[PDB]
Amino acid sequence: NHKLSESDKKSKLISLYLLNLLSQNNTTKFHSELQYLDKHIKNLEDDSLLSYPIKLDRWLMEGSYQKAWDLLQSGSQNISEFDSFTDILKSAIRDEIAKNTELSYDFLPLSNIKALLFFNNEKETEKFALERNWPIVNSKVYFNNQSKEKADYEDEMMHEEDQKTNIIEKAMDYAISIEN
Amino acid sequence: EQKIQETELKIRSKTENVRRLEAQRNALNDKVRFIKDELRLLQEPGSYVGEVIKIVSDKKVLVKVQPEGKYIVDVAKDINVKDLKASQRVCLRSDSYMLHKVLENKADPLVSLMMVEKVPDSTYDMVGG
Amino acid sequence: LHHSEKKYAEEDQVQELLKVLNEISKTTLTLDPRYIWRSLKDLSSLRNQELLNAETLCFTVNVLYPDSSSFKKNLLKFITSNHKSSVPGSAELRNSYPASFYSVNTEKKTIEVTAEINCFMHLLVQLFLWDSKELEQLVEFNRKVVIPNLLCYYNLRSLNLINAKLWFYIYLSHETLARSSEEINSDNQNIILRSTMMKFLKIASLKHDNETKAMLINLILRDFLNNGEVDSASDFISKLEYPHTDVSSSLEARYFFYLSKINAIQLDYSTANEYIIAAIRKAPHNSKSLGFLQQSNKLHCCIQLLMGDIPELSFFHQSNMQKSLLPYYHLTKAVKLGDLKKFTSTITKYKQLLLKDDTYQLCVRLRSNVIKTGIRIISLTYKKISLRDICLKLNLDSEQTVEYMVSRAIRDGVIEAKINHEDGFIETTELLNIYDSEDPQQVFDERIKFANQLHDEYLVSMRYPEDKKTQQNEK
Amino acid sequence: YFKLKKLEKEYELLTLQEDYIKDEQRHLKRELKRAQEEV
Amino acid sequence: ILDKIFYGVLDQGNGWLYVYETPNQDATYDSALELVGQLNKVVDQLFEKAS
Amino acid sequence: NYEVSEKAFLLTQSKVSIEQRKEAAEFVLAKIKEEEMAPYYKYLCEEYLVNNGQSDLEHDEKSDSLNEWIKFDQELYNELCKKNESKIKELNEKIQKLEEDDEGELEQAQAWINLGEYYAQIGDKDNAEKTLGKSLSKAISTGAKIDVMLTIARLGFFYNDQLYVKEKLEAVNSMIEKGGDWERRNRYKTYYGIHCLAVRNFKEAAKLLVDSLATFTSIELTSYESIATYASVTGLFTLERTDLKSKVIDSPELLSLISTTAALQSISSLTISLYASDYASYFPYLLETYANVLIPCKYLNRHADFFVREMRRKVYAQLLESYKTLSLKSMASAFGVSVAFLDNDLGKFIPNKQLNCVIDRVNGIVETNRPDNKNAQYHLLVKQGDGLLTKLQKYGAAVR
Amino acid sequence: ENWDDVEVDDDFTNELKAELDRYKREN
């Protein structure tokens, strides 16, 4: 606890650090320094600089991109020195929506996705579909829901193929453990 | 003594791997030894069945066998004639013809027909008027 | 009057000291002195109030003082002591006996009695200080003396349990001093305290003492929460140096209580949900453990609300502690019903009650769980529901806001449905019928593992308490 | 130093007693099945 | 249908009788639930007699 | 003393038919004056605290009752103490003769039996239980032992004692040998059925209430129409449609109740509407029964509206199995249900998995889900198995 | 008891009679 250090750049650089952990998409250390600060109540509420990155992540997991994207584009505080993280953080919403439409949406028209991803031109929609390998039909986009090789990590748990063989092998090992 | 101090945990660790398994092995081995030694007990002629009638000062008890006649045998050295009385079911040994132990007492009904009912269920509330 | 008072309590203290003195002299027995020290804390706490403070004065006079002459005078200076003619050299209980710490061989320095006497001397000091609640200079004076004394001794197998309970009072007296008054010296004092805990913990790793490391880890994990360093707690628990064998049930419940709070900010509630449940079963139900069960149950209700699933409500009313559980009762009702204004008004009035336990910050993130749970509830109602009808029940803003929230939860496999824009409704992709799949087979394997584990744990202690029956002569 | 090496020899004695009981007790199971059926 | 004479389900909209009636399976739930329920009373008697 | 506890409960909270409070208040005032109980006139002050429709007017002007003064005074209290001191003088005169005589164990117990009735009629609860324990050990048979339980059950129904009364209830049942004794059967099944009410067991409530030996009707605790009242309420849960046409509709004990007591109407309006599965007639009979049955009864109004949620759950399952796909407006013009308020009514069940109904919000039609399968049945073993393993780990680690 | 065993609903209590009224009027 040190009450003799106060400056306009003190709360500014702390807010920039919270935007760096969100830019790299890390929720581990980002959820740590929020509760642990000099003042974790007054400085994170009345001050608009420290409360700016809080409303971005809280509304990100909430699922509301209407008022969350406004602070990353038309916001007041992101103009001058906070515009560096905008080129990344704004690209995080379009990546999450792109992964959401691959499951719950089989196909959707190209006119709606332009407004969903907040694009001012149709060339950005077609260019973004090529990076994610999206087949394009007339006035529509298709999603085949293609996955990667196996899943995640931790071999022999929901990862390698033919998991029913190991279940049988493990089930036969309980009778030996009883005799031991 | 860096190596000796780190191995001090094995003092009580190996002790639990011996004393615990020793009792489980001895209890299992004694069960095997008692079964293999049962052949000597199966070849034993066994014992008869009789009842105690009267006693004397010679440590000779009168045993009445139901199928056979009466035989006056000697009580065991671990017992005496103080705990023996009339109408007592006991165990009469065969080969040595001596008393072993006491089984049970005589039943309440005697002679031909004896009706014994203690503390019946009939009360004053069961009889009206 | 005061003469017969000092002889009664000192004789009771020496009687308990001679019992543990002969046990550590023959070979090494660490089990018997440990069971006596459990009741020693309760017997000494009640005894310190009776016969005033004069029971500990003659105990220092009896045994030889390596460091302890000037330490008792500093303790008697703060209370403004009146002279009873207590000057050492009056009462002599030794009188040249072997169990009395024979004096001639002690004064000639041909034998060393300081090992058991000095380590036990510091134990009775912290017990009287915790009863009278003395602070400031008296707290710092003890912390400065004890640290070099523990470094000088080799800390044998029997010596590691003497100071095992002393570290608890070092951290306890330092936290009560900071919460009482805040100054610039309170922050610099905690820096040295952090280095002292790590130096002694690393030395205890070679001795492999079960109770010593159990008390340290409980104090170190709590220090990371107050100092606010998560990265130190993440790597500390990765080593897994905490033995589960001989540690007490009270020390185990404190260990699992910290893991639930650490994993709460890591967004993994699968492992954190088991640690908060296991900590309740390991904690006693007695009155002295009510303080731990009160805080542990407050965390369990918050974890379930963070998992998106409504827990069993029967725990609130059936328990007798519901007086403190009233703020958490309205939180579950707001998340379940999905009312937006009810949740904001609940955390506003109860913010004062949620500030002490630092659970108000977790309630800020429950704002998202209000809608995410409501979407899961309405999805489990009807397989096909209109898009505009969802905003009518929850009083949402528009159809573009609900469109993102439904597709957000399916990433973790929560809703398990699909949104049809051309059709106009949201169809649920869950047909159940898992009886034809292999998914329940994986859960059934872990259940039998718990059975064979308890069977092996049943073999851990079975014959062990009966091992001394055969060697001891019976009838 | 003399008593230090005696502790290592004690572990060898406890190992020989541990390996014998585990081998003998498991061997009693074969003898128990025989003894019960023969009598 | 409600009297359990013949198990079935009707259709009011299209006016049809959909396939409904199916047999049950024992030794799965009812036999296991009643078995665990009886074993729960045994565990309650173990701790009661252990003290 | 059935009307004593009934009229006292009507003055606690009544939201329907406030005119019944007048006949209830005028009865409890004339009953206490004609009886020997001192404190039951004083208990009216503490028992009605914090209740809607207050019967006491002192500092609270919100009382809606017709008789607003229950206030305790020393005028009636002193008159009741004179009858208590005059009666105990006659009993102690007889007990003193019994102590000097001591003929058998029946006369020694009869001294405490007269006290067990005296201390129960003067308003003593714990003092009466101390007198009943002496007569229990001095009883010559089980005939005088069950009369002790009758007084215990009397003080237990008024004060709602689920511990001391339930323990002594099974004590007389077990003893040495139960047998076919009428006293240990008829009385046990009725009293234990009342204890199952408050705890809402519903497993033994249908068997020990809907099915009764003949009339019961001891008149001391509960009455004839009361046993048949709870039978209609409890018979709608455990008893399925097979037993509704046997032990409910065709039960001979309920055939003469229609022509006798017309104030119940729970064995006709509720039974016929459920057996015919007609929601049009079943809806208006819910509030008519809720007013004249659930509210006046002591063991019902404590829950009340919860029963409305449970009773409506029964009729929703009756229609669900009668169709697969149905429009929402079909039952609106036929069974008289509101389409706008139908989603809120079914919204308290379907998300809780209480009903399989599925309504399509697009075309406004209702569907039917799978009522039973193997997966839903194994979920009960998961919660039962995991809950059992907790006791094994808790009791296993506690003993060491 | 807990969940809906106690709180139940506390709504649409006296409004059940209004459902039959609106059906016999607006018809």
# chains A, B, ... in the order shown; residues from 1 in each chain; ligands from 1
>>> select_by_dssp(residues="chain G", states="alpha helix (DSSP H)", output="ChimeraX atom specification")
/G:16-25
>>> residues_around(residues="residue 7 of chain D", least_positions_apart="5", cutoff="12 Å", atoms="only C-alpha atoms", output="MDAnalysis selection string")
(chainID B and resid 1 3:11) or (chainID D and resid 1:2 12:14)
>>> write_last_selection(atoms="C-alpha atoms", output="CSV table (one decimal), in the first residue's frame")
chain,number,residue,atom,x,y,z
B,1,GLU,CA,25.4,-38.2,6.3
B,3,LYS,CA,22.5,-40.4,2.2
B,4,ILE,CA,21.8,-41.9,5.7
B,5,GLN,CA,19.3,-39.2,6.7
B,6,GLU,CA,17.3,-39.6,3.5
B,7,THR,CA,16.9,-43.3,4.1
B,8,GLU,CA,15.6,-42.9,7.6
B,9,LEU,CA,12.0,-42.9,6.2
B,10,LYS,CA,12.6,-46.6,5.3
B,11,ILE,CA,12.9,-47.5,9.0
D,1,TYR,CA,30.4,-44.3,10.8
D,2,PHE,CA,30.1,-47.8,12.2
D,12,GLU,CA,18.7,-55.6,3.5
D,13,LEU,CA,17.4,-57.8,6.4
D,14,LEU,CA,13.9,-56.1,6.2
>>> closest_atom_pairs(of="segment 22-138 of chain A", to="segment 143-149 of chain A", cutoff="7 Å", atoms="only C-alpha atoms", output="CSV")
residue,atom,partner,partner_atom,distance
A:102,CA,A:145,CA,5.3
A:103,CA,A:145,CA,6.0
A:106,CA,A:143,CA,5.3
A:107,CA,A:143,CA,6.0
A:134,CA,A:143,CA,6.5
>>> residues_around(residues="residue 40 of chain E", least_positions_apart="4", cutoff="7 Å", atoms="only C-alpha atoms", output="PyMOL selection string")
(chain E and resi 36+44) or (chain F and resi 388)
>>> closest_atom_pairs(of="chain F", to="chain C", cutoff="6 Å", atoms="only C-alpha atoms", output="tab-separated table")
residue	atom	partner	partner_atom	distance
F:350	CA	C:381	CA	5.5
F:351	CA	C:381	CA	4.9
F:358	CA	C:382	CA	5.0
F:359	CA	C:382	CA	6.0
F:360	CA	C:384	CA	5.5
F:361	CA	C:385	CA	5.0
F:362	CA	C:386	CA	5.9
>>> residues_around(residues="residue 7 of chain G", least_positions_apart="4", cutoff="10 Å", atoms="only C-alpha atoms", output="ChimeraX atom specification")
/F:303,305-306 /G:2-3
>>> write_last_selection(atoms="N, CA, C and O atoms", output="PDB file, in the first residue's frame")
ATOM      1  N   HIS F 303     -49.016 -24.814   3.241  1.00  0.00           N
ATOM      2  CA  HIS F 303     -48.468 -24.893   1.890  1.00  0.00           C
ATOM      3  C   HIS F 303     -49.348 -24.157   0.884  1.00  0.00           C
ATOM      4  O   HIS F 303     -48.880 -23.232   0.214  1.00  0.00           O
ATOM      5  N   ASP F 305     -50.842 -22.704  -2.104  1.00  0.00           N
ATOM      6  CA  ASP F 305     -50.660 -22.522  -3.545  1.00  0.00           C
ATOM      7  C   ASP F 305     -49.703 -23.536  -4.162  1.00  0.00           C
ATOM      8  O   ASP F 305     -49.797 -23.820  -5.362  1.00  0.00           O
ATOM      9  N   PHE F 306     -48.771 -24.079  -3.374  1.00  0.00           N
ATOM     10  CA  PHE F 306     -47.919 -25.148  -3.884  1.00  0.00           C
ATOM     11  C   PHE F 306     -48.736 -26.348  -4.347  1.00  0.00           C
ATOM     12  O   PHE F 306     -48.357 -27.023  -5.310  1.00  0.00           O
TER      13      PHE F 306
ATOM     14  N   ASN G   2     -37.306 -26.304   0.043  1.00  0.00           N
ATOM     15  CA  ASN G   2     -36.812 -25.124  -0.664  1.00  0.00           C
ATOM     16  C   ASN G   2     -37.258 -25.244  -2.122  1.00  0.00           C
ATOM     17  O   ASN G   2     -38.116 -26.069  -2.455  1.00  0.00           O
ATOM     18  N   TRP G   3     -36.687 -24.407  -2.989  1.00  0.00           N
ATOM     19  CA  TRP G   3     -37.060 -24.302  -4.411  1.00  0.00           C
ATOM     20  C   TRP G   3     -38.507 -23.806  -4.456  1.00  0.00           C
ATOM     21  O   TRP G   3     -38.824 -22.814  -3.782  1.00  0.00           O
TER      22      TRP G   3
END
>>> select_by_dssp(residues="chain E", states="strand (DSSP E)", output="PyMOL selection string")
chain E and resi 9-10+17-18
>>> decode(residues="segment 101-112 of chain C", atoms="N, CA, C and O atoms", output="PDB file, in the first residue's frame")
ATOM      1  N   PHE C 101      17.067 -32.193  35.671  1.00  0.00           N
ATOM      2  CA  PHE C 101      18.145 -31.461  35.011  1.00  0.00           C
ATOM      3  C   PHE C 101      19.238 -31.116  36.014  1.00  0.00           C
ATOM      4  O   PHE C 101      19.359 -29.964  36.446  1.00  0.00           O
ATOM      5  N   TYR C 102      20.013 -32.132  36.399  1.00  0.00           N
ATOM      6  CA  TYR C 102      21.047 -32.004  37.421  1.00  0.00           C
ATOM      7  C   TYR C 102      21.950 -30.807  37.150  1.00  0.00           C
ATOM      8  O   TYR C 102      22.455 -30.627  36.039  1.00  0.00           O
ATOM      9  N   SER C 103      22.149 -29.987  38.186  1.00  0.00           N
ATOM     10  CA  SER C 103      22.708 -28.651  38.007  1.00  0.00           C
ATOM     11  C   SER C 103      24.222 -28.666  37.828  1.00  0.00           C
ATOM     12  O   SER C 103      24.752 -27.931  36.989  1.00  0.00           O
ATOM     13  N   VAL C 104      24.933 -29.478  38.615  1.00  0.00           N
ATOM     14  CA  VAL C 104      26.394 -29.439  38.593  1.00  0.00           C
ATOM     15  C   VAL C 104      26.917 -29.828  37.215  1.00  0.00           C
ATOM     16  O   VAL C 104      27.811 -29.175  36.664  1.00  0.00           O
ATOM     17  N   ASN C 105      26.360 -30.891  36.632  1.00  0.00           N
ATOM     18  CA  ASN C 105      26.740 -31.266  35.275  1.00  0.00           C
ATOM     19  C   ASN C 105      26.251 -30.259  34.243  1.00  0.00           C
ATOM     20  O   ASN C 105      26.831 -30.174  33.155  1.00  0.00           O
ATOM     21  N   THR C 106      25.201 -29.497  34.557  1.00  0.00           N
ATOM     22  CA  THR C 106      24.717 -28.478  33.632  1.00  0.00           C
ATOM     23  C   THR C 106      25.580 -27.222  33.686  1.00  0.00           C
ATOM     24  O   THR C 106      25.892 -26.635  32.644  1.00  0.00           O
ATOM     25  N   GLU C 107      25.981 -26.801  34.889  1.00  0.00           N
ATOM     26  CA  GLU C 107      26.802 -25.601  35.017  1.00  0.00           C
ATOM     27  C   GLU C 107      28.222 -25.830  34.514  1.00  0.00           C
ATOM     28  O   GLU C 107      28.857 -24.897  34.012  1.00  0.00           O
ATOM     29  N   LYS C 108      28.736 -27.056  34.637  1.00  0.00           N
ATOM     30  CA  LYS C 108      30.066 -27.372  34.130  1.00  0.00           C
ATOM     31  C   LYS C 108      30.106 -27.490  32.613  1.00  0.00           C
ATOM     32  O   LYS C 108      31.197 -27.648  32.053  1.00  0.00           O
ATOM     33  N   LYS C 109      28.952 -27.432  31.946  1.00  0.00           N
ATOM     34  CA  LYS C 109      28.859 -27.490  30.486  1.00  0.00           C
ATOM     35  C   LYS C 109      29.404 -28.802  29.928  1.00  0.00           C
ATOM     36  O   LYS C 109      29.842 -28.865  28.777  1.00  0.00           O
ATOM     37  N   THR C 110      29.382 -29.863  30.738  1.00  0.00           N
ATOM     38  CA  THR C 110      29.778 -31.180  30.253  1.00  0.00           C
ATOM     39  C   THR C 110      28.650 -31.886  29.512  1.00  0.00           C
ATOM     40  O   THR C 110      28.913 -32.845  28.779  1.00  0.00           O
ATOM     41  N   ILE C 111      27.409 -31.434  29.687  1.00  0.00           N
ATOM     42  CA  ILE C 111      26.258 -31.962  28.967  1.00  0.00           C
ATOM     43  C   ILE C 111      25.455 -30.786  28.434  1.00  0.00           C
ATOM     44  O   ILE C 111      25.518 -29.674  28.967  1.00  0.00           O
ATOM     45  N   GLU C 112      24.694 -31.033  27.370  1.00  0.00           N
ATOM     46  CA  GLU C 112      23.903 -29.996  26.717  1.00  0.00           C
ATOM     47  C   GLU C 112      22.427 -30.312  26.926  1.00  0.00           C
ATOM     48  O   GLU C 112      21.893 -31.250  26.326  1.00  0.00           O
TER      49      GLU C 112
END
